[PDB]
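Heads up: the sequence shown at position 29 corresponds to 31 in my numbering, and the numbers run straight through without jumps.
These notes are about the structure you will find just below.
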Amino acid sequence: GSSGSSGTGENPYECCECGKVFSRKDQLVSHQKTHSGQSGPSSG
Ligand SMILES: [Zn+2]
């Protein structure tokens with residue numbers, strides 16, 4: 003059976019950073035928060 007068994011299932015919220023899917027964006031946001039991205043000690 004060769005049908006690309008990479009990524010069983012598809013969802014609108016799939017953290018590419020590590021590779022974790024969620025149910026509601028909300029839950030994802032809290033996850034992506036601790037992931038690569040523009041966030042640090044700014045000046046203001
Ligand atoms: Zn992640």
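Every residue gets a Cβ at the ideal spot worked out from N, C-alpha and C, and that includes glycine.
Do the CB positions of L30 and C20 come within less than 9 Å of each other? no
Under 8 Å: does the beta carbon of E12 sit that close to some heavy atom of ligand 1? no
Based on Cα-Cα distance, which residue from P43, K22 and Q40 lies nearest to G11? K22
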